[PDB]
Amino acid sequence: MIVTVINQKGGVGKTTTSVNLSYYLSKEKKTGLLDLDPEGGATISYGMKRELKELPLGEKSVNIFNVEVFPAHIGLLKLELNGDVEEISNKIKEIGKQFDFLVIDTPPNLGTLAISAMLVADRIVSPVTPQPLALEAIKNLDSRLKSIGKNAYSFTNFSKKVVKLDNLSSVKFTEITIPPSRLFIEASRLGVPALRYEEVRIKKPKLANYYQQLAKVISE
């Protein structure tokens, strides 16, 4: 199953979602994490660096913290500029064939890499926040989803209360809401997944429940 995480708006928690969902799924599934953002947030979140090499898409991967991570590289930039959407899509499908779950992190846009990941996604996930900018972004994503005949799941981040915009018929907003937590900040400063950091940092871990619910929602 290919799970593509999408949002025009930066800073909503796309990389956090990709990193921790892939880590959670890896506990029982052969899980891969494909970093399509040239800035490489997920790659850094697994303790690695962006490759200053124009790599072919999906050639290089490392098993870090139980996840097969494909690090970001400067080649993505060229793929963002000259990339042929059909080739990138077929390459992503071929990469996804070798995993039970392939979670894809995307740049903060609906550009070449993001739309290629969307077109072949088995599931599309878009985090949202109560901030007006994120609501506008999810409206635009609903329009694009209709443009490609697909649907997406959404969950709320940075909040105690769920977001549900019923007029976006292509977006299924779940009842999952992730509140602010400095665990995410500390774990991102380490460059480790927040779930794993919590598994040693606090007596009674809590963040795993949200990603369990997200995995259950998309697995249906």
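When you see a residue number, it is the position in the sequence shown, counting from 1.
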query = Hey, which bit's got the bigger mean C-alpha B factor in the entry, 211 to 219 or 3 to 11?
reply = 211 to 219
task = Please work out which of 166 to 174 and 52 to 60 has the higher mean CA B-factor as recorded in the PDB entry.
result = 52 to 60
Deposited CA B-factor, highest of 81, 121, 128, 88 = 81
request  = Please work out which residue in 92, 114, 145, 74 has the highest C-alpha B-factor recorded for this crystal structure.
outcome  = 74
query = Which third of the chain holds residue 136 when residues are ordered by C-alpha B factor: lowest, middle or highest?
reply = highest
query = Which third, lowest, middle or highest, does the CA B-factor of residue 28 fall in along this chain?
reply = highest
inquiry  = For the chain shown, is the CA B-factor of residue 181 in the lowest, middle or highest third of its modelled residues?
reply    = middle
task = Sorting the chain's modelled residues by C-alpha B-factor, tell me whether residue 188 ends up in the lowest, middle or highest third.
result = highest
ask   = Lowest, middle or highest third of the chain for the C-alpha temperature factor of residue 66?
value = middle
